[PDB]
J.: 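A single structure is presented below for examination.
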Amino acid sequence: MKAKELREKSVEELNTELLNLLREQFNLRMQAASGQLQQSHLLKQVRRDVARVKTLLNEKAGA
Amino acid sequence: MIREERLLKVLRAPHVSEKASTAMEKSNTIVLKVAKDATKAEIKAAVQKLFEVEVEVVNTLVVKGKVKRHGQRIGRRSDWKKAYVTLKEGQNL
Amino acid sequence: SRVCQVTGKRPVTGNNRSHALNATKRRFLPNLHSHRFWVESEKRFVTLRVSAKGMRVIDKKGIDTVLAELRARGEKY
Amino acid sequence: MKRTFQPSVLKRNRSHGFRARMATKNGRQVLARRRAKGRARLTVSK
Amino acid sequence: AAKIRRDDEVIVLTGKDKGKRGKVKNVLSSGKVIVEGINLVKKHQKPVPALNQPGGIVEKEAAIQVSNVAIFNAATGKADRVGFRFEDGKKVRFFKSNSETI
Amino acid sequence: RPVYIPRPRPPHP
RNA sequence: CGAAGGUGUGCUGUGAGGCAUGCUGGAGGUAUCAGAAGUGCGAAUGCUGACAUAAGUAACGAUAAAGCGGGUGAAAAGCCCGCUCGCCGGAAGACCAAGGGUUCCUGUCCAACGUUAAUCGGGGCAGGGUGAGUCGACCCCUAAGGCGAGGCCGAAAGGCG
RNA sequence: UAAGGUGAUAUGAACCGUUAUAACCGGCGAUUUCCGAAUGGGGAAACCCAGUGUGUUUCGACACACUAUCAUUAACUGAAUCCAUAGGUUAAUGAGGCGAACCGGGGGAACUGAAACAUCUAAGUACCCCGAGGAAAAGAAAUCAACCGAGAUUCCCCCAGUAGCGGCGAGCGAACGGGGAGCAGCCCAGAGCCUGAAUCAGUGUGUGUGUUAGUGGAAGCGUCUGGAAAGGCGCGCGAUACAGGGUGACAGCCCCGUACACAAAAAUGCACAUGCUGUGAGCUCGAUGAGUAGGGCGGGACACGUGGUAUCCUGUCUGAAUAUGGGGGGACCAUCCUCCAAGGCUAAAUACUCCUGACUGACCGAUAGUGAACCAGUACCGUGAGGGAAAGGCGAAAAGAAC
């Protein structure tokens with residue numbers, strides 16, 4: 001899940017980041033606070049995924 | 001433009017308590033946790049978009065973390081900000 | 001400070017000895033004065049805080065030469 | 001019986017505060033000494 | 001470069017029951033391994049009102065130093081050491097004393 | 001540990 | 001099949017000491033001959049820790065003051081409720097600023113803390129609680145005063161403005 | 001590298017991975033909030049308030065970038081007066097702050113000693129300030145010597161508690177010369193002939209070596225005591241590996257290591273060869289450092305306290321010759337000998353360790369050793385600078401005592 005998205009264009013990279021932030025990051029957080037989340041390992045996994053996308057954007061845009 | 005992602009990070013979690021429950025059933029207002037800065041405008045926009053509800057006004061306050069005496073050591077909790085959001089006649093959550 | 005702008009003379013500490021050879025710290029001061037020198041190259045007066053020895057140095061050499069050395073020193077006059 | 005210490009946050013900060021120390025070189029040496037000793041509190045912080 | 005792995009049948013050289021055979025289940029970062037029916041401890045498990053109520057005395061497995069267990073040859077009927085050699089570009093373990101690959 | 005916000009809250013007399 | 005250390009006993013040398021051993025101890029010790037010393041404590045109103053004495057003595061912090069019934073509890077003079085009594089009332093009431101920094105409220109516990117007991121508490125643990133266009137800060141303006149671009153002065157630091 | 005992992009107190013819950021993108025280690029990258037030289041302005045440090053320029057969902061409002069001071073350079077503007085200068089704006093370059101000691105320079109004590117005390121000593125010490133480096137400073141004779149000779153500076157052992165200085169008291173204390181470590185000499189004050197002509201500094205390429213991850217690494221069993229043996233007993237094997245650490249009592253042969261032999265995609269220091277850039281070889285002639293040397297006055301430094309006092313530096317006032325000239329050779333003069341000041345550059349031997357790795361100890365073993373073996377410069381005390389503790393040990397394994 002690192003080189004799969006390396007070759008995509010910047011437009012899709014921004015799109016996938018938005019849905020990563022939108023869903024599975026905000027929704028998971030609300031679920032965990034309310035106590036309805038039992039698989040807490042998704043939170044860390046989603047956070048790392050967001051970091052991966054941002055790393056690609058910087059090495060794509062500008063430099 | 002990072003307004004969309006900003007709105008996705010200001011909200012942290014809902015607040016559950018007796019005061020929260022009575023406020024919801026009586027004043028039709030939701031109390032929830034927000035980021036440390038979380039200006040009133042950002043909270044208002046975030047609730048309108050993420051929760052797809054109409055809001056009237058937002059009141060915010062900062063809660064100071066308590067000092068706890070854990071084991072042989074003294075510690076302090078982190079300050080957090082809670083906001084009261086007053087929904088209009090139409091409420092969803 | 002009490003520093004000559006030409007020769008660089010500055011106050012130097014020393015002793016003063018009495019008949020009983022008692023030694024007390026003193027300070028020797030240069031004979032500084034404020035003087036206006038006329039420069040024909042630039043056609044105006046330049047004020048320098050120069051000592052009596054420095055004024056003799058200016059007379060022996062040229063005012064233009066001294067000014068050039070001051071400029072090379074890197075301090076505005 | 002009025003005692004010597006009459007607390008006042010404004011006077012404490014303006015007298016022994018971090019910015020008061022940095023104003024003069026002697027205060028800067030005070031901070032330098034306390035950094036060397038490893039003190040957790042460099043100065044009286046509000 | 002660990003001589004004792006997840007799935008190995010080993011024997012005990014020194015301890016309460018030397019010479020007893022078994023199979024390792026896990027290895028700890030502190031050089032300790034867990035085997036079946038070798039080092040049994042009658043732990044007094046307290047009762048808890050949570051979902052689990054074991055109570056009584058539980059016969060648990062106690063970790064033993066990896067140095068006290070040697071992989072069994074299974075052919076010569078005795079304990080034997082382990083060495084590493086490179087074959088077809090891969091590092092593999094082998095016995096000694098007529099060494100064969102694992 | 002250290003609190004740094006002694007802001008004034010004067011209730012109207 | 002038991003080292004050092006600890007604790008008794010019995011022998012032994014004119015002495016500081018040595019030897020053997022009972023019990024505890026639990027893994028180190030060291031002959032002889034030489035070598036080097038942070039090499040020997042009863043005192044220094046010695047230093048640190050521990051423990052005695054006075055002694056179960058003085059004291060328990062304003063002489064405004066308590067009494068009873070019921071409740072809870074293992075236990076009630078002190079906690080809760082009720083009825084009386086007494087005290088302050090330009091305060092011992094109600095508000096702030098400064099200063100404290102959760103001491104606020106609820107549930108629960110009585111080890112330590114409370115100069116006594118304690119079910120009680122400003123004590124322990126957990127949870128909850130601080131909502132502003134109009135209050136204040138922030139912000140605009142300035143007093144004493146501070147800092148101070150250039151500048152003046154000063155061995156350097158720096159002083160004054 | 002890998003069959004294990006998601007740092008610790010500290011278990012749990014929910015999961016990843018097991019033949020390769022789980023985790024871990026190393027190189028090179030990305031992100032890097034706010035305070036702090038803090039640098040857009042301000043400020044009670046981690047806060048408040050802006051201007052301009054770039055792009056965008058309801059005008060709403062957002063995102064990014066820039067905007068300190070000083071020095072130098074260039075451009076454009078620009079007074080009192082024509083010109084001009086001062087001044088102003090803009091752009092580029094450099095600096096700012098911190099850091100244990102060592103180095104150079106600018107200032108500079110007192111206690112104390114003299115059995116008092118003032119010269120003197122302590123002492124150019126403590127301390128304050130400035131500047132730079134990995135070292136710094138000094139350094140190629142206007143030096144010594146003795147009329148015999150050596151040839152930059154620096155450091156160590158002698159000379160030597162010697163000669164001298166000294167209320168000739170207390171004390172201070174050389175040089176010449178000798179033995180060692182290490183050695184390197186140059187450039188400008190200027191023209192001509194010849195002009196990459198050696199040596200240097202900065203950027204590419206290639207070899208070797210080293211650092212930043214690592215890999216393999218020999219050889220033991222049976223009985224006795226015992227909670228457990230690595231111990232006793234008996235018989236074996238390895239050693240270019242019995243250095244260490246761990247393992248239920250003391251292990252060369254159980255484990256990690258050790259001697260030994262190997263390893264680098266990428267980044268790097270060192271020594272060479274090969275390219276580019278910039279100053280620059282060699283010969284002839286000439287020149288060869290002036291408010292300086294020296295002197296008067298007042299001080300300081302040389303072991304040398306003004307004494308018969310040479311030599312050097314300087315505050316003040318004076319002031320040559322310039323190579324047929326000048327300096328020194330311890331008052332001074334003559335004769336001889338030696339050197340050529342008033343302009344600069346220069347590694348080596350030398351000093352120290354905030355920090356990194358390995359190794360060692362007739363060093364300590366918890367009132368010792370760093371104040372701190374235990375999240376200590378902490379708790380605590382003080383307005384503040386500052387002062388500053390106590391506290392280690394279950395067991396082989398929690399098997400930490402169900403009932």
Side-chain angles (χ1 to χ4, degrees), chain A residues 1-3 38-41 44-45 51 54-55 58-59, chain B residues 1-3 17-19 41 59-64 66-67 69 73 83-84, chain C residues 1-2 9-17 20-22 25-31 42-44 52-53 56-57 60 74, chain D residues 4-5 7-10 12-20 22-23 25 30 32-33 37-40 43-46, chain E residues 1-3 5-6 13-16 27 31 39 41-47 55-58 60 62-68 70 81 83-86 90-91, chain F residues 3-4 7-13:
Chain A
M1 182 39 162
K2 53 175 207 176
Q38 69 276 17
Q39 293 179 356
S40 62
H41 72 277
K44 182 174 72 68
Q45 151 183 356
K54 291 193 82 73
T55 301
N58 290 318
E59 61 86 20
Chain B
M1 183 278 288
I2 61 180
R3 173 147 274 283
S17 45
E18 182 65 26
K19 180 163 198 180
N59 297 333
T60 67
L61 65 91
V62 182
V63 188
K64 264 62 68 169
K66 303 201 217 174
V67 166
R69 172 50 190 181
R73 190 178 299 111
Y84 296 80
Chain C
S1 296
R2 295 193 179 87
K9 291 175 174 278
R10 66 178 61 255
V12 292
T13 61
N15 273 332
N16 53 3
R17 300 290 189 150
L21 278 295
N22 290 115
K25 306 298 287 174
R26 59 156 303 162
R27 192 178 60 171
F28 294 84
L29 300 174
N31 195 13
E42 183 178 1
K43 297 296 289 183
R44 68 173 178 87
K53 177 62 69 67
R56 267 161 61 80
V57 165
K60 164 172 194 101
Chain D
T4 53
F5 183 53
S8 182
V9 172
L10 180 66
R12 185 181 200 72
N13 285 3
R14 191 177 295 168
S15 182
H16 318 288
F18 176 84
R19 292 182 58 77
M22 296 285 280
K25 67 182 290 294
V30 169
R33 286 203 293 277
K37 204 173 178 174
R39 279 195 182 275
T43 57
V44 297
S45 179
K46 191 159 77 170
Chain E
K3 301 189 174 186
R5 299 291 179 89
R6 179 66 65 192
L13 282 72
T14 61
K16 182 172 72 173
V27 309
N39 189 359
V41 286
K42 321 185 185 60
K43 162 156 183 64
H44 301 87
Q45 183 62 255
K46 291 187 174 68
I57 297 166
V58 185
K60 265 157 59 53
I64 181 171
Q65 298 285 124
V66 75
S67 178
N68 291 352
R81 280 191 293 288
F84 298 95
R85 63 188 172 202
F86 281 101
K90 291 176 73 66
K91 196 200 288 191
Chain F
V3 307
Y4 64 93
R7 279 237 172 192
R9 194 277 195 159
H12 3 76

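To find a chain, count down the sequence lines: A is the first, B the second, and so on, and within it residues start at 1.
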J.: Which nucleotide in the set G:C135, H:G108, H:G299 lies at the smallest distance from any side-chain heavy atom of F:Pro10?
T.: G:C135

J.: Applying side chain to side chain contact (heavy atoms under 4.5 Å, CB included), can you list everything that pairs with E:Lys16, at least two apart in sequence or on another chain?
T.: E:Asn39

J.: For the side chain of B:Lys66, starting at C-beta, report the closest nucleotide among H:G388, H:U85, G:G129.
T.: G:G129

J.: Return the pairing partner of H:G269 with a 3.5 Å limit on both distances, Watson-Crick or G-U wobble; otherwise return none.
T.: H:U209

J.: Would you mind calling H:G278 syn or anti? Take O4'-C1'-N9-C4 for purines or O4'-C1'-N1-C2 for pyrimidines, and syn is within 90° of 0.
T.: anti

J.: At under 4.0 Å between heavy atoms, which parts of nucleotides 144-161 of chain G does protein reach? Answer with one letter per nucleotide, 5' to 3': B base, S sugar-phosphate only, - none.
T.: ----------BSSSS---

J.: Looking at side-chain heavy atoms only, is the closest gap between C:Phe28 and C:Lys9 below 4.5 Å?
T.: no

J.: Determine which nucleotide pairs with H:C403, using a 3.5 Å limit on both distances of a Watson-Crick or G-U wobble pair.
T.: none

J.: Could you please name the option among G:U130, H:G315, H:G124 that lies closest to any side-chain atom of C:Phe28?
T.: H:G315

J.: Base of H:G246 relative to its sugar, syn (within 90° of 0) or anti?
T.: anti

J.: Across all strands shown, which nucleotide pairs with G:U103 by Watson-Crick or G-U wobble geometry, both distances under 3.5 Å?
T.: none

J.: Of the listed nucleotides (H:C317, H:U378, G:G99), which one gets closest to any side-chain atom of D:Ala40?
T.: H:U378

J.: Could you let me know what H:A75 is paired to, Watson-Crick or G-U wobble, both distances under 3.5 Å, or none if it's on its own?
T.: H:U89

J.: With hydrogens left out and only the distance checked, is there a donor-acceptor pair under 3.5 Å joining C:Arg17's side chain and the base of H:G305?
T.: no

J.: Describe the nucleic acid contact of C:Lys43 in one word from base, sugar-phosphate, nothing, applying a heavy-atom distance below 4.0 Å.
T.: nothing

J.: Do H:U33 and H:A398 meet the pairing test, Watson-Crick or G-U wobble with both distances under 3.5 Å?
T.: no

J.: Which of the following nucleotides, G:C96, G:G136, G:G131, is nearest to the side chain of F:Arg7?
T.: G:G136

J.: Between H:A14, H:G315, H:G248, spot the one nearest the side chain of C:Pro30, thanks.
T.: H:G315

J.: In whole Å, what is the span from the NE2 atom of F:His12 to the P atom of G:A97?
T.: 12 Å

J.: Side chain of E:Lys43, heavy atoms from C-beta onward: which of H:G377, H:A45, H:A399 has the nearest atom to it?
T.: H:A399

J.: Looking only at the side chain of C:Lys60 (C-beta and beyond, no hydrogens), which of the listed nucleotides G:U130, H:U306, H:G291 gets closest?
T.: H:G291

J.: Would you mind telling me which of H:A13, G:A98, H:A229 lies closest to the side-chain atoms of E:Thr14?
T.: H:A229

J.: Specify the glycosidic conformation (syn or anti) of G:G78, with syn defined as within 90° of 0.
T.: syn

J.: Between H:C381 and H:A373, how far is it from one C1' atom to the other, in whole Å?
T.: 26 Å

J.: Between H:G305 atom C1' and C:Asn22 atom CG, what is the distance in whole Å?
T.: 14 Å

J.: Is G:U130 syn or anti, taking syn as a glycosidic angle within 90° of 0?
T.: syn

J.: Determine whether a donor-acceptor pair (one donor, one acceptor, N or O, separation below 3.5 Å) exists between the side chain of D:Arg39 and the base of H:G387.
T.: yes

J.: So which nucleotide does G:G129 pair with, by the Watson-Crick or G-U wobble rule with both distances under 3.5 Å?
T.: none

J.: E:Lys91 has an atom NZ; how far is it from atom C1' of H:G214, in whole Å?
T.: 9 Å

J.: Across all strands, who's sitting opposite H:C235 as a Watson-Crick or G-U wobble pair, both distances under 3.5 Å?
T.: H:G220

J.: Between G:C96, G:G99, H:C375, which nucleotide gets closest to the side-chain atoms of B:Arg73?
T.: H:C375

J.: Quickly work out the B:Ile2 CD1 to H:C62 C1' distance and round it to whole Å.
T.: 9 Å

J.: If I pick the P atom on G:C160 and the same atom on G:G148, what distance separates them, to the nearest angstrom?
T.: 9 Å

J.: Taking atom types as they are modelled, is there a donor-acceptor pair under 3.5 Å from the base of G:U130 to the side chain of B:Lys64?
T.: no

J.: Write out a two-atom table: protein N or O, nucleotide N or O from nucleotides 254-258 of chain H, distance below 3.5 Å.
T.:
unit_1 : atom_1 : unit_2  : atom_2 : d
H:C254 : OP2    : E:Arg81 : NH1    : 2.7
H:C254 : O2'    : E:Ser67 : O      : 3.0
H:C254 : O2     : E:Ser67 : OG     : 2.2
H:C255 : OP1    : E:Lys3  : NZ     : 3.3
H:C256 : OP2    : E:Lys3  : NZ     : 3.3

J.: Taking a pair as Watson-Crick or G-U wobble with both distances under 3.5 Å, which nucleotide is matched to G:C153?
T.: G:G158

J.: Sort out the partner of H:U360 for me: Watson-Crick or G-U wobble, both distances under 3.5 Å, none otherwise.
T.: none

